[PDB]
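Undergrad: Take this structure first; my questions come after.
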Amino acid sequence: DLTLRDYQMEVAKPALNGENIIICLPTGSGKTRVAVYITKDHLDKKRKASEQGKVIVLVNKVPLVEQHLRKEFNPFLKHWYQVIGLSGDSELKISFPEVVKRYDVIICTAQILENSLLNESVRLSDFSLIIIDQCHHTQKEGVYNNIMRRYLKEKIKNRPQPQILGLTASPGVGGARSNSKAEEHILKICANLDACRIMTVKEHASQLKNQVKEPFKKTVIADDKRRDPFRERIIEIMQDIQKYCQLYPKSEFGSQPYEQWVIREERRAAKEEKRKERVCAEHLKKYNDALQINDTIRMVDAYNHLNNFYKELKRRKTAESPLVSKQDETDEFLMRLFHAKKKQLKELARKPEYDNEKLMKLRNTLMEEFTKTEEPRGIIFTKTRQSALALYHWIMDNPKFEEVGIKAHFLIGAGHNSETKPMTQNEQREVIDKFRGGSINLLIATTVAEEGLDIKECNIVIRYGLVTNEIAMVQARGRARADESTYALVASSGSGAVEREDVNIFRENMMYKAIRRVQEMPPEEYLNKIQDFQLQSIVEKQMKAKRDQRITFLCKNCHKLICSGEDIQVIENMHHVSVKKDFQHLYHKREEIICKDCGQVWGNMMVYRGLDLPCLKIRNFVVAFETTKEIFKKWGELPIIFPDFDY
Amino acid sequence: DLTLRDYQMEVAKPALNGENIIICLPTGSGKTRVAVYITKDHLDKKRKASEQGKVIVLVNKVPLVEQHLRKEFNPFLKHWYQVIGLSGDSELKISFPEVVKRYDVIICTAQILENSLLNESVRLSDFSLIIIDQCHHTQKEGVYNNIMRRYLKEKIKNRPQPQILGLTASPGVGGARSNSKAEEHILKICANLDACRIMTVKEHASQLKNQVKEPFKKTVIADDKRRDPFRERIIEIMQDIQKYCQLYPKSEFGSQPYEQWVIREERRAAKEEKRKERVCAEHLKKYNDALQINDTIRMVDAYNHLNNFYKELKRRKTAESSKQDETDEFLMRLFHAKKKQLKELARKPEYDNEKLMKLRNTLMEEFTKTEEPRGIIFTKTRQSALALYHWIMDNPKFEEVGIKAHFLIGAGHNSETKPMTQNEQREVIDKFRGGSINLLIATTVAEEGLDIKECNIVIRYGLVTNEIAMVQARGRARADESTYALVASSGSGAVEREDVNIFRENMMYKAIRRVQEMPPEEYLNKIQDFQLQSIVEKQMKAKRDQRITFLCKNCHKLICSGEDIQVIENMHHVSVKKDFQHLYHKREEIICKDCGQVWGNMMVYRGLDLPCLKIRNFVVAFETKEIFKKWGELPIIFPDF
RNA sequence: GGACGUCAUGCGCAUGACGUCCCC
RNA sequence: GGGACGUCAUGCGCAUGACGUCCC
Ligand SMILES: Nc1ncnc2c1ncn2[C@@H]1O[C@H](COP(=O)(O)OP(=O)(O)O)[C@@H](O)[C@H]1O
Ligand SMILES: Nc1ncnc2c1ncn2[C@@H]1O[C@H](COP(=O)(O)OP(=O)(O)O)[C@@H](O)[C@H]1O
Ligand SMILES: [Mg+2]
Ligand SMILES: [Mg+2]
Ligand SMILES: [Zn+2]
Ligand SMILES: [Zn+2]
């Protein structure tokens, strides 16, 4: 039984009458339900005018396909039309061109559609309604914009195109600081979705107000005026290393500019055969990491970060199943250095009084807010993955949290480009569905929790010194819309984060005023501006179309002669491997492939057709041409390509 | 008779007792008078302890040497000590090492002292008090910081140094947006001047308040909702050119990103022998210039900017004693077709910019409050100063109500507008205090340092820079019933940029209040750390600093080899081949014979008429091609003629 | 005329963190 | 495991304009 609330109608009306539009409805309003109502209405009128009704709903996240089916599309359309959900995760034995022709309502991740459009074929004439979910991403080189680039390309050259629905809560300002540049970004994503209007709940605003409960805002600041024993004890150690190698920073200890400098320094050193310098630079990064860990997490984690790093070196340096020797002077210096000051750090880390202030501010904000209701739920937005896994263990090892009600769990990302190891797509469901059950009470999450996914309503949402953009700001507030909701920001004065959130509050307020002006804009003006942005949106692709249209291997640490370019061959289209048979002797094995001479990590052992072969990563070698030298980050940056192992 | 007011004392006290400090006193308080009182007090105590008293007062501007002498230092110290003023403008036949030894009070531009320190020699032991004027410049690779880098270098290695006075009004925040990074910048320039404290008028704040009259603030915004006929008529013309060459922008018309794009495009085109493209890109810049001129100045100036540009091409293309390409004849005709329309449209006063009517309105009311009022208009570009002058001239109602105006621009030779002489700036500024000139239309030049008369109105005409210059500009208006106005348009972003500076200024006062309240063990340890890394910042620059054919950019002809070019003096590069006489033409200026592109200018050197060549106008071809901006960017150096 | 520095604005590139999608 | 995209922070470079200095 497919109703709409009065505000939902007001926003939908022009889409029901065929106009391409963007829809701005807050989190908890039910923007997807408006999509459903529009697909049906659109499709019914094509039946009743004896015509084609094919509707494709694009998303940016695999769980949103199956979530949009179960909870919105199937219940209201499966029994009248042919509905399907697609993704890369889907195991179908049917090509996408077929799925177009066999189905009426196609929900899928936008890249599935773009993959087909790349190239019997698929094209945008085949659909009559394209609904883009979270359309603020229709921007730059995003998939959504590449789709729309084609649509717009056809429009201008035509002198039979589908209808386009944009779905979002807040379109954004695109990092701008001026009300002029707010307009310009709004108009730009209006222009990318060829919208005849951006659409907001004006006439039924009072009704919307009651549906979504706006939370109570706080900014709990931490003036770090405590003594910082752990900091001081580390900066000592770092200065002892900086003298040893004679590499002096232009930057504060425990900060980004230091981290950038010390990484540039490790590279340069490695390129110039200066082991002593790079090894110290490598170690100096880990110490710098431990400082900023001490700023945010508990200091036992900072300690552990170092302890584990020096534990790893014991395995890689100590031999097993005769040499000049792996253990260098520089290595033995740094190892001893840490082993000397270790006990001090450990016994200092277990003093709870010198743990970070932010943690006591977090503790305080939790304890009061988890004692207002008998069944409360909440989220902590930490910045790094490690800080999620740590704050979990912080809550575990702390009986007062558990006693008052808090049973917590971390919720991180999926990627394989982090030093912390991810969660599976499936493992995220396991938590999030436990969260709505009440099994898990408190999500400690990275950005992952901010957009899209259906997470239970929250009584508290804590941004633990995390600020990103205006969009994510307002998304995070949307996650807390239960009774007596609270949106807290727990930063320190030294961060700059209180002032960055305050700029986002200014930006958000610009965004509402840029929407109010593009709406009030006379149509001759609006038309002429949108056409101009679209004309230059196509030219932005032409400049990238010119951009895109454009030896020996040595151990970074000890500079040994190991491999030629001819010795390396690709497996599949990614795993590069060596084929020489002297090569057996020049590496060692641990639990992982390390240099025999120096114990530097080279890669890992794999199996391929019952053969134990060595994988080599480009991280860990200096490439020598002929003379110029280089460290490349990923294999694709090299100039010559290697042949496949087996032809 | 050398007094101090009660606030001036409070601020000076620790300097009188020998402590290195920075002094923060508003514009109109008399910070220089505190320098005078400190030099005398310092020098008197060295006489009376039978010892060396040598004091060097560094400045950043040549007029401030002669101004500090006349109006502060000589009247109170010439009759008791040996006072002198130095600069690069000074015509002395005496080396600086001598001037050190012969004089007690040495006022000079800081580079004079650094030149000597570079290298009987000069060094910082020779002075006992160094007073740095406008010490907020003691930053980065500024001269003031290179001086202090040496001072700090000696300090750390010593295990007999002078006292150091920092003079400023507002030290700044250094572009920061966080109260954490405000502290960090304050501490950094505290650390560069080795100050024991930043010093502000707290105990006698009420008295200071009365001395300096704080102006009434306004932000007169212009919602440009008018029709813009001139704009539309130009964008038409630019689209006609963009189709012709097939170079399409990724940017708005009449803006910076367009200007950057269209300059990158002219270069690329010139490197790749694509005359058609570059010539259009060159012309497209001039059209883009005329749009942003239309945004700020009157539109007759935008028209004139184009007319004069196409007039120049008539001289360079028409022969005397084929040059005209298809692309050239296309663009020329194109302008000649749409010309009369632009001219007759430009003389319609109703379609001139709104900001000008907002300016007009803000002037007319504020120049009718007092019978003798004075004021300043801070425009952005030099052209917009010279234009707003002519705007006020050609407008009898300004003159009738009292306004007699004049422009006040810069000195440099790196602008498309031609400068004022050091002397010409005095001629205006001293006329301004006389009442001969009523209204200065100035670039940034008027904001810092120079003694300009007090103002009833100061207008920032869509100009915003940093917090420092903001507060400096407010300082220029401290007469009775003073007003500080900002006249920007909603499309600028400038109202919001000034609002960030207002936030930044407020951070600055709070960062000062915290470094002052900071316990000394903490303050010491932070200053020593910034100084330690300030020296390392020089070491990273000390590694940075320690690191073929010539073809006409337009027509790509073979003109000169590297061997054909020889330097005159250490700057004017010139060709010596004698086929070379034929390949250029002469106008009123050296142009290509084939295409009429400007190559340089004719000079005389030992009675020889020789051709100067600028690197702007040639594609350098190795064996790769390149356009270099200035000769020093090339890899091989040429011998002297 | 040359060199150097500072400020504002805009553009581009790099590093790190976070997230996503597609493919094997 | 590879490729692409986006977001945040930081750093670097180039362009335009304005200003200053020093040496010619
Ligand atoms: N017209 C309606 N009548 C009744 N319930 C509705 C209606 N629209 C939406 N809902 C309910 O609200 C839910 C939408 O919540 P949510 O997904 O948070 O909104 P959004 O799509 O804005 O994020 C639906 O799943 C449904 O349970
Ligand atoms: N203690 C004082 N007694 C008398 N006049 C003073 C005193 N201090 C300053 N002045 C006057 O103030 C003028 C200097 O002010 P100004 O240069 O505008 O301030 P600043 O040095 O802050 O730029 C001098 O010309 C002088 O006549
Ligand atoms: Mg929903
Ligand atoms: Mg003064
Ligand atoms: Zn090795
Ligand atoms: Zn030529």
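Chain labels run A, B, ... following the order of the structure tokens; each chain numbers its residues from 1, and ligands are numbered from 1 in the order shown.
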Using only C-alpha atoms (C1' of nucleotides) and all ligand atoms, what are the residues with an atom within 9 Å of ligand 5, set out as a short mmCIF file (atom, residue, chain, number, x, y, z; two decimals) with N, CA and C atoms, in the first residue's frame?

TA:
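Written output follows (part-v3.cif):
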data_model
loop_
_atom_site.label_atom_id
_atom_site.label_comp_id
_atom_site.auth_asym_id
_atom_site.auth_seq_id
_atom_site.Cartn_x
_atom_site.Cartn_y
_atom_site.Cartn_z
N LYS A 326 73.72 -9.72 9.55
CA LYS A 326 72.56 -8.84 9.33
C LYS A 326 72.58 -7.63 10.24
N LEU A 554 67.68 -3.54 -6.65
CA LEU A 554 68.58 -3.50 -5.50
C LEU A 554 67.81 -3.31 -4.20
N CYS A 555 68.17 -4.07 -3.17
CA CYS A 555 67.57 -3.97 -1.83
C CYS A 555 67.71 -2.56 -1.27
N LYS A 556 66.59 -1.92 -0.96
CA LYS A 556 66.59 -0.54 -0.40
C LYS A 556 67.52 -0.32 0.80
N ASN A 557 67.68 -1.34 1.63
CA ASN A 557 68.51 -1.25 2.84
C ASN A 557 69.99 -1.42 2.55
N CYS A 558 70.37 -2.56 1.96
CA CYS A 558 71.78 -2.92 1.76
C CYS A 558 72.31 -2.78 0.32
N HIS A 559 71.48 -2.30 -0.60
CA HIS A 559 71.90 -2.03 -1.98
C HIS A 559 72.51 -3.19 -2.79
N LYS A 560 72.27 -4.45 -2.39
CA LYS A 560 72.85 -5.61 -3.10
C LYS A 560 72.31 -5.75 -4.53
N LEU A 586 69.67 -16.05 -2.07
CA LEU A 586 69.70 -14.64 -1.65
C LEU A 586 68.54 -14.16 -0.74
N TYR A 587 67.60 -15.04 -0.39
CA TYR A 587 66.52 -14.69 0.57
C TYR A 587 66.41 -15.68 1.73
N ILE A 594 62.64 -12.24 3.32
CA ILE A 594 63.61 -11.23 3.76
C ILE A 594 64.96 -11.44 3.08
N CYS A 595 65.69 -10.35 2.86
CA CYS A 595 67.09 -10.39 2.40
C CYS A 595 67.95 -11.24 3.33
N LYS A 596 68.87 -12.01 2.76
CA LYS A 596 69.78 -12.84 3.56
C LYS A 596 70.85 -11.96 4.21
N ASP A 597 71.41 -11.03 3.43
CA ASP A 597 72.42 -10.09 3.92
C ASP A 597 71.94 -9.18 5.06
N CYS A 598 70.78 -8.54 4.90
CA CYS A 598 70.33 -7.49 5.84
C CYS A 598 69.01 -7.71 6.58
N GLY A 599 68.19 -8.66 6.15
CA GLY A 599 66.90 -8.93 6.80
C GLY A 599 65.79 -7.93 6.51
N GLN A 600 65.89 -7.22 5.38
CA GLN A 600 64.84 -6.33 4.89
C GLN A 600 63.76 -7.17 4.23
N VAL A 601 62.49 -6.82 4.48
CA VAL A 601 61.34 -7.52 3.87
C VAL A 601 61.32 -7.26 2.35
N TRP A 602 61.21 -8.33 1.56
CA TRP A 602 61.11 -8.27 0.10
C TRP A 602 59.70 -8.55 -0.41
#

Undergrad: Define the interface residues of chain B facing chain D as those within 8 Å, counting only C-alpha atoms (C1' of nucleotides), and report them as a ChimeraX atom specification.

TA: /B:60-61,88,109,111-112,256,259-260,380-381,410,443-445

Undergrad: Go ahead and dump the residues you just picked, N, CA, C and O atoms, as a PDB file, in the first residue's frame.

TA:
ATOM      1  N   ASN B  60      62.715  48.843   6.820  1.00  0.00           N
ATOM      2  CA  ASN B  60      62.391  48.105   5.592  1.00  0.00           C
ATOM      3  C   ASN B  60      62.087  49.007   4.397  1.00  0.00           C
ATOM      4  O   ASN B  60      61.783  48.497   3.328  1.00  0.00           O
ATOM      5  N   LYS B  61      62.167  50.329   4.580  1.00  0.00           N
ATOM      6  CA  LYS B  61      61.769  51.306   3.557  1.00  0.00           C
ATOM      7  C   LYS B  61      62.617  52.586   3.622  1.00  0.00           C
ATOM      8  O   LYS B  61      62.731  53.209   4.677  1.00  0.00           O
ATOM      9  N   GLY B  88      70.560  52.528   0.371  1.00  0.00           N
ATOM     10  CA  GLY B  88      71.103  52.347  -0.976  1.00  0.00           C
ATOM     11  C   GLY B  88      70.969  53.608  -1.808  1.00  0.00           C
ATOM     12  O   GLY B  88      71.784  53.851  -2.701  1.00  0.00           O
ATOM     13  N   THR B 109      68.506  50.817   6.187  1.00  0.00           N
ATOM     14  CA  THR B 109      67.727  49.692   5.673  1.00  0.00           C
ATOM     15  C   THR B 109      68.492  48.382   5.923  1.00  0.00           C
ATOM     16  O   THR B 109      69.655  48.244   5.524  1.00  0.00           O
ATOM     17  N   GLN B 111      69.149  45.615   4.736  1.00  0.00           N
ATOM     18  CA  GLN B 111      70.007  44.982   3.735  1.00  0.00           C
ATOM     19  C   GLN B 111      71.408  45.597   3.728  1.00  0.00           C
ATOM     20  O   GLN B 111      72.375  44.895   3.393  1.00  0.00           O
ATOM     21  N   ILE B 112      71.528  46.874   4.120  1.00  0.00           N
ATOM     22  CA  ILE B 112      72.850  47.514   4.235  1.00  0.00           C
ATOM     23  C   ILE B 112      73.691  46.727   5.247  1.00  0.00           C
ATOM     24  O   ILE B 112      74.832  46.342   4.950  1.00  0.00           O
ATOM     25  N   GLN B 256      40.437  34.408 -12.513  1.00  0.00           N
ATOM     26  CA  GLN B 256      41.823  33.952 -12.410  1.00  0.00           C
ATOM     27  C   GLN B 256      42.034  32.588 -13.070  1.00  0.00           C
ATOM     28  O   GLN B 256      42.910  32.462 -13.928  1.00  0.00           O
ATOM     29  N   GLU B 259      42.393  32.921 -16.594  1.00  0.00           N
ATOM     30  CA  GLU B 259      43.653  33.609 -16.912  1.00  0.00           C
ATOM     31  C   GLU B 259      44.857  32.660 -16.820  1.00  0.00           C
ATOM     32  O   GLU B 259      45.740  32.698 -17.667  1.00  0.00           O
ATOM     33  N   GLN B 260      44.880  31.804 -15.801  1.00  0.00           N
ATOM     34  CA  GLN B 260      45.951  30.818 -15.666  1.00  0.00           C
ATOM     35  C   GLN B 260      45.938  29.836 -16.823  1.00  0.00           C
ATOM     36  O   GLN B 260      46.966  29.626 -17.467  1.00  0.00           O
ATOM     37  N   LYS B 380      42.989  47.325  -5.730  1.00  0.00           N
ATOM     38  CA  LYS B 380      43.921  46.195  -5.863  1.00  0.00           C
ATOM     39  C   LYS B 380      45.064  46.448  -6.852  1.00  0.00           C
ATOM     40  O   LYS B 380      46.229  46.351  -6.473  1.00  0.00           O
ATOM     41  N   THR B 381      44.736  46.716  -8.115  1.00  0.00           N
ATOM     42  CA  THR B 381      45.756  46.854  -9.167  1.00  0.00           C
ATOM     43  C   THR B 381      46.175  48.294  -9.407  1.00  0.00           C
ATOM     44  O   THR B 381      45.445  49.227  -9.064  1.00  0.00           O
ATOM     45  N   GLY B 410      53.120  51.956  -6.682  1.00  0.00           N
ATOM     46  CA  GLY B 410      54.405  51.432  -6.249  1.00  0.00           C
ATOM     47  C   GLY B 410      55.575  51.945  -7.053  1.00  0.00           C
ATOM     48  O   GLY B 410      55.434  52.868  -7.870  1.00  0.00           O
ATOM     49  N   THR B 443      47.464  51.692  -4.001  1.00  0.00           N
ATOM     50  CA  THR B 443      47.635  50.244  -3.873  1.00  0.00           C
ATOM     51  C   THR B 443      48.063  49.958  -2.413  1.00  0.00           C
ATOM     52  O   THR B 443      47.903  50.834  -1.549  1.00  0.00           O
ATOM     53  N   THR B 444      48.594  48.763  -2.120  1.00  0.00           N
ATOM     54  CA  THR B 444      49.022  48.417  -0.740  1.00  0.00           C
ATOM     55  C   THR B 444      50.031  49.424  -0.156  1.00  0.00           C
ATOM     56  O   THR B 444      50.013  49.681   1.049  1.00  0.00           O
ATOM     57  N   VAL B 445      50.875  50.010  -1.020  1.00  0.00           N
ATOM     58  CA  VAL B 445      51.913  51.004  -0.640  1.00  0.00           C
ATOM     59  C   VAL B 445      51.570  51.911   0.561  1.00  0.00           C
ATOM     60  O   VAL B 445      52.409  52.127   1.440  1.00  0.00           O
TER      61      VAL B 445
END

Undergrad: Which parts of region 373-525 of chain B does DSSP call helix (DSSP H, G or I) when run on the backbone here, written out as an MDAnalysis selection string?

TA: chainID B and resid 382:393 396:401 422:434 444:446 467:475 494:517 520:525

Undergrad: Please identify every polymer residue within 10 Å of ligand 2, using only C-alpha atoms (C1' of nucleotides) and all ligand atoms, and present the set as number ranges by chain.

TA: B: 1-9, 24-37, 67-68, 70-72, 133-134, 167-169, 211-212, 448-454, 472, 475-476, 478

Undergrad: Counting only C-alpha atoms (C1' of nucleotides), collect the residues of chain A whose closest atom lies at most 8 Å from chain C, and write them out as a VMD selection string.

TA: chain A and resid 60 to 61 88 109 111 to 112 256 259 to 260 383 to 384 413 446 to 448 572 to 573

Undergrad: Could you give me, as a tab-separated table, every chain A residue with an atom at most 10 Å from ligand 3, plus its closest atom pair and distance in Å to one decimal, counting only C-alpha atoms and all ligand atoms, rows ordered by chain then number?

TA:
residue	atom	partner	partner_atom_place_in_ligand_line	distance
A:26	CA	ligand 3	1 (Mg)	9.8
A:27	CA	ligand 3	1 (Mg)	7.4
A:28	CA	ligand 3	1 (Mg)	6.8
A:29	CA	ligand 3	1 (Mg)	7.6
A:30	CA	ligand 3	1 (Mg)	5.0
A:31	CA	ligand 3	1 (Mg)	5.7
A:32	CA	ligand 3	1 (Mg)	4.9
A:33	CA	ligand 3	1 (Mg)	7.2
A:34	CA	ligand 3	1 (Mg)	9.5
A:35	CA	ligand 3	1 (Mg)	9.8
A:64	CA	ligand 3	1 (Mg)	9.3
A:67	CA	ligand 3	1 (Mg)	9.1
A:68	CA	ligand 3	1 (Mg)	7.8
A:71	CA	ligand 3	1 (Mg)	8.8
A:72	CA	ligand 3	1 (Mg)	8.4
A:133	CA	ligand 3	1 (Mg)	9.8
A:452	CA	ligand 3	1 (Mg)	7.9
A:453	CA	ligand 3	1 (Mg)	8.6
A:454	CA	ligand 3	1 (Mg)	7.3

Undergrad: Go through A:36, A:21, A:241, A:466 and flag the residue nearest ligand 1, using only C-alpha atoms and all ligand atoms for the distances.

TA: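 The shortest atom-to-atom distance to ligand 1 comes from A:36.
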
Undergrad: Could you pull out the strand (DSSP E or B) residues of region 473-622 of chain A from DSSP and send them as a PyMOL selection string?

TA: chain A and resi 486-489+492+552-555+561-564+568-571+575-578+587-589+593-595+601-607+612-616+621-622

Undergrad: Using only C-alpha atoms, find which residues of chain A lie within 6 Å of chain B and jot them down as a list in words.

TA: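 That gives residues 178, 180, 250, 494, 496, 536 and 540 of chain A for chain A.
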
Undergrad: Just the selected residues (N, CA and C atoms), exported as a compact mmCIF listing (two decimals), in the first residue's frame, please.

TA:
# COMPACT_ATOMS: atom_id res chain seq x y z
N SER A 178 33.15 30.77 0.45
CA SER A 178 32.41 31.96 0.01
C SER A 178 31.03 31.59 -0.48
N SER A 180 29.50 32.96 -2.87
CA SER A 180 29.60 32.89 -4.34
C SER A 180 29.94 31.49 -4.80
N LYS A 250 62.52 20.08 10.43
CA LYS A 250 62.12 21.47 10.33
C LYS A 250 60.70 21.59 10.88
N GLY A 494 44.76 22.04 20.75
CA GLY A 494 45.90 21.89 19.86
C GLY A 494 45.61 21.32 18.48
N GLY A 496 43.08 22.08 16.25
CA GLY A 496 42.53 22.96 15.23
C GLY A 496 41.16 22.48 14.76
N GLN A 536 31.42 23.07 -20.04
CA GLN A 536 32.77 22.96 -19.48
C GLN A 536 33.01 21.64 -18.71
N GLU A 540 36.29 19.39 -19.26
CA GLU A 540 37.06 18.82 -18.13
C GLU A 540 37.46 17.36 -18.39

Undergrad: Compute the set of protein, DNA and RNA residues whose minimum atom distance to ligand 6 is at most 9 Å, using only C-alpha atoms (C1' of nucleotides) and all ligand atoms, and state it as number ranges by chain.

TA: B: 323, 551-557, 583-584, 591-599
